[PDB]
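Visitor: Mind looking over this structure? Questions follow.
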Amino acid sequence: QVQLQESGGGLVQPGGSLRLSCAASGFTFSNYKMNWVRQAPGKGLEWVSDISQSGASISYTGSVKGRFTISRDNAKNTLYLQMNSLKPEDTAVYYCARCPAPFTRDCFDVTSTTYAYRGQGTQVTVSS
Amino acid sequence: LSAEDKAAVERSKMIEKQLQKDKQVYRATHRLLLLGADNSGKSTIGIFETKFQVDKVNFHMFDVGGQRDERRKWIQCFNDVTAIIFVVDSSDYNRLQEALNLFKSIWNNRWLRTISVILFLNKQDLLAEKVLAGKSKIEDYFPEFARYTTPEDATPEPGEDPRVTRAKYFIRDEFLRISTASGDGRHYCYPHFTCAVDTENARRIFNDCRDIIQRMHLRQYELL
Amino acid sequence: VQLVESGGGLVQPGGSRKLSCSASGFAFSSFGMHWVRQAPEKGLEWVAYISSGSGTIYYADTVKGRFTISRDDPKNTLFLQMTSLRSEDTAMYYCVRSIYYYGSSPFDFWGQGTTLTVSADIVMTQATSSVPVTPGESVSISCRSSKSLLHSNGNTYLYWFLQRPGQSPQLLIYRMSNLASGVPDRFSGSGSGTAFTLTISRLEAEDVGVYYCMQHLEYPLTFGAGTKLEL
Amino acid sequence: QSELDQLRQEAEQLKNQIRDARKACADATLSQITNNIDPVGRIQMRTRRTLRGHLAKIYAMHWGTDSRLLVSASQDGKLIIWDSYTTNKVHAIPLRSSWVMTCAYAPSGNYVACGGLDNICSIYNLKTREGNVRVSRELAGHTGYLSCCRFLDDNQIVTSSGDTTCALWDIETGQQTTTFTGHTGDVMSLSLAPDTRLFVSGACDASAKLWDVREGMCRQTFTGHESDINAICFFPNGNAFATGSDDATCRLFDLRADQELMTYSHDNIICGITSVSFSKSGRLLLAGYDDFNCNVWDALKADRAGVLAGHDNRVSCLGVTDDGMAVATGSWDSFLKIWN
Amino acid sequence: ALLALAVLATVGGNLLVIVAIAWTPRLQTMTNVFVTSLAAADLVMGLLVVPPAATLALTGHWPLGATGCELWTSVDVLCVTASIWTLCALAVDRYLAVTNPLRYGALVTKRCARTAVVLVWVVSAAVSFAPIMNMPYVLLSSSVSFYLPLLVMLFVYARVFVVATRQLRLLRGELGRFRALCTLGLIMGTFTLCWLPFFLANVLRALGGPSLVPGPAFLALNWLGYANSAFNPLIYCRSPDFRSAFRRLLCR
Amino acid sequence: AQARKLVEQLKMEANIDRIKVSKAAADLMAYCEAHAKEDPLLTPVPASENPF
Ligand SMILES: CC(C)NC[C@H](O)COc1cccc2[nH]c3ccccc3c12
């Protein structure tokens, strides 16, 4: 059973640091591209970052470019998202998302409203 | 073979003749898949099927809009279309990254890897107005816009700001970078700047499909 | 479905007459059409056949060359051009529809017919050409054939027809075992090669008439002499 | 977090309880249960027939109950009924919508069904007085594309849609008598049981549910795949089924054991399964992959017993006759092949 | 000895090509219609043309009767003309597919392909058997059978070459922001290097008299075209699709 | 009540009775062995009896 349990979210003052972890179970981690998505309140789902099966290819949105860094560790079957210099625009619940198919470079329908291979969420709220 | 078996065989032969007539009708028709966002404005350009006619060539455009937001399965049915028409909203910078991600997924899709994409940056007038105003800045959603200068090949339209040229060509070069990052020449991206009042989009689709199939014939004849 | 025949009438022995068969209620272009005649004192006799799309035409040896057949699918009309008639041609000509595919029911519909009066074959024999029966009692009627109709493909091409007095005949059994549409289960078809029988259970009204057996193995179509079920 | 915490926790425990129950019931794996039987050897199946009338890729096919007539749907928007024995085209049915992703052959043989991106199941009468195949009932009410449709009887049909729902219809009234809900993603396939009192459906949530047709409820839910399930097929016994997913693995789930019994995959197979089927005895599990080749799996030993190579594009559909004489395989190269 | 190898290469290759096209429903793509016409022409070259010539060369005695040679020469002229006109047809098909792809989708149909093949073979038979029904005839026959189709193919392939090179340079520019020569030269070089010396010496003999070009040289040139007929399957069927069909055919 | 249906479905699935996997595998074995003779794919029929 595909289970994506992710945690690490809490109340942090602006400009702080936060590490988000996503423990993945029920599938072979090393053959799936992994994604980070968020849903700021009052808005819809949006993509944040992705990392290839091995980790050579990594991309991020312009908003989170240079401050968010995503790393995967296939040994423990987990996904990381180290966040630095948090801003009040970054308050959102963060989901950990997986490509629908293995050995592929096209995460389709990851940011959909009801995606099966997506975690519950961590409420990451940054305010002063 | 009995008399009835012979008659059944004949009937099958007439069915095959009708199938050949349908083959003649069907091969000459070029199929185009219309994708875009809710605000993309692709309606102007359930299933909303369109059939237009340019220079005696039959085009059949399909705008699937009766499904859910999950399109990883029903999009494989269009593995054999002539081209995929991708419509984006150039003015909305917030959803520009979503459009880029959709374009990347379509480009790198195992089955849509052989399909060329006609790119229609739709709301050029809105983009120009937004750039001229101080409503928002591209660099917020795309910090690389700082270190980017208008391409040498960029042809501005008369009476247009250089900053509008910078914005529109950066938006077009994001898609172009995604498209030429892979694919090794099996399929190509065709970028176009569009307006809501534009009437030459049919001619653009005609020319770009002509180029697509010309390159397909060259590749199948081993002429590159 | 409705088939309309016209053109029958008083014709001299030396002359010509064109027979028309108008189609209404079915895809006339996808059906193979037949012409089957019947003299006042004689059973049915197959005269000609034009296939769907006019791709194949067959004629009876008695009128081979003498007659011509054709169809007009756009107009949904069937034509039989007859030249140099004979005194033996006095008969009611029936326009019959038949579509051929796996599991189809050929000879399903027969036109009302037009009456025309003139001033290497499989023989089918129907024993007991005139018998009296009583309603409410089962009956058995058997027609046998010179050559076995089974084609080694489980296809004993025998067909049963019911000509009630005053109307065209209708198909009851096709392939010797399959009941046609609109035909009640009381009818039963069975038999083997070169010997077939028709079984009726609980005889009732609308069954009085003449029961014909017809072979469709090969095209020299031949019909039995008639059984004449009577009360 | 009120509901978001309480319901999430109760579920999390319930899932742990199910997992513990499956672990307790897992007395011994089927593989060892059958580690002593003779190898089924190699089943070399040669292309006996090749039906070539379709104009584009073939999405689906279905066999008649008589194991001789078959229907097939294609991208050209046409439905063709074949006589497999003689290659004859019994019928060619033009379709209003050319994106039909499924077709169904009524068990009585009177009707045929078709549906796709138009979100409508269309029923075509074959035995009509007019002599031409005419559409009789257009079943509307689904809000997504129709992945699959299967005839319960001459008046009832079960369809699965990409709106995360399966429905039981009534062709007479044209309305849904039952709607089956619970799937998270699109339902890509459905398989009717031999007794037809219940059916299973594979969705894009990597799970397959067993629905009781009468009560309209999900009796059981099976997990174990990690990618969208594309193919589903009920075991001939009716107490098990097999699923084909994009993980490139096939799994056999037992209704009574409520868990996967065996995974049919190899390390070098990296292509998802588009269709699966069983034989009459349920010993061979034929699976059509994206690698253009169909594999024949020993359903009891997990070792590949043969390859149905010969198709020059994706094997979209694959079905076995009710009498088990042949296997018809449709692919995206516009050709149907019959193998014996 | 090498002539036997050429004969068996011709017959095997062209029979295999014909068999593959006929039995593979996926290869019947309208242009294989011309390919199978050319393969038939080359097969009859290897069967009823080259064996008598090889036997005559390796053994002075003419294997065919005195009357048989007068219809064996008209099988030579028929088959060579048909092969060259089919090569021209294939060039024209490539031109229409590359320069007008959208319209070519239905510009040349099955009716047009089977009319063009029939017209090619009818013209070949007419040119071949016209003598049955000299210097002017040799000139006119060589112009109709070789020089006119050669000029047509040169114009056609020049246009295809400029189109292909423009598209290649455009593509390289497109991909570089962030071979037609080999293929066309192969196609034209085989056909030219094989049938141009013979049809040039033909005009030379016709104009300056038979004494100018010696027989053995004439035989050698005609025996170079036969090599062309052998080599035709190699160059018009080197596609992954054709190779798949050949592999599937010859494995089993 | 968004997850109330999910928790109710999980409870309903938990309510069922699960038999031993060894027994299920043995039953599948029994069916496959009993019906092996009538499987044309398993043991190919003679070419005379093959309709194709
Ligand atoms: C004469 C026999 C021994 N050999 C002929 C060549 O194989 C092919 O020659 C031709 C092909 C096509 C047109 C042609 N016109 C000619 C006129 C004179 C001689 C040969 C040819 C000829």
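One-based numbering along the chain as shown.
Going by what the header records, the deposited coordinates were determined by electron microscopy, 2.8 Å.
Any Cβ shown, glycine's included, is placed from N, Cα and C.
Pasting the relevant annotations from Swiss-Prot:
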type	residues	note
MOD_RES	D:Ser2	N-acetylserine
MOD_RES	D:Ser2	phosphoserine
MOD_RES	D:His266	phosphohistidine
REPEAT	D:46-94	repeat 'WD 1'
REPEAT	D:95-140	repeat 'WD 2'
REPEAT	D:141-181	repeat 'WD 3'
REPEAT	D:182-223	repeat 'WD 4'
REPEAT	D:224-267	repeat 'WD 5'
REPEAT	D:268-309	repeat 'WD 6'
REPEAT	D:310-340	repeat 'WD 7'
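Could you tell me the structural context for the features on the list?
Guide: In this chain, no residue six or more apart from D:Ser2 (N-acetylserine) has a CB-CB distance below 8 Å. For the recorded site, D:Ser2 (N-acetylserine), the DSSP three-state label reads coil.
In the three-state DSSP scheme, D:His266 (phosphohistidine) falls into the coil class.
For the repeat 'WD 3' (D:141-181), the DSSP counts in helix, strand and coil order read 0 helix, 24 strand, 17 coil.
Counting only same-chain residues 6+ beyond the ends of the repeat 'WD 4' (D:182-223), those with a CB under 8 A from a CB of the stretch are 144-145, 147-148, 150, 152, 158-166, 168, 229-234, 236-238, 241, 243-245, 253, 255, 258-260.
Counting same-chain residues at least six beyond the ends of the repeat 'WD 6' (D:268-309), those with a Cβ under 8 angstroms from any Cβ of the stretch are 30-31, 34, 37, 39-45, 227, 230-237, 242-250, 252, 262, 315-320, 323-324, 327, 329, 331, 339.
Counting residues per DSSP class in helix, strand and coil order gives 0 helix, 15 strand, 16 coil for the repeat 'WD 7' (D:310-340).
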Visitor: For D:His266 (phosphohistidine), just count the other CB atoms lying within 10 A of its CB, please.
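Guide: D:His266 (phosphohistidine) is surrounded by 13 other Cβ atoms within 10 Å.
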Visitor: Looking only at the repeat 'WD 4' (D:182-223), what are its DSSP counts of helix, strand and coil residues?
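Guide: So the counts come to 0 helix, 25 strand, 17 coil.
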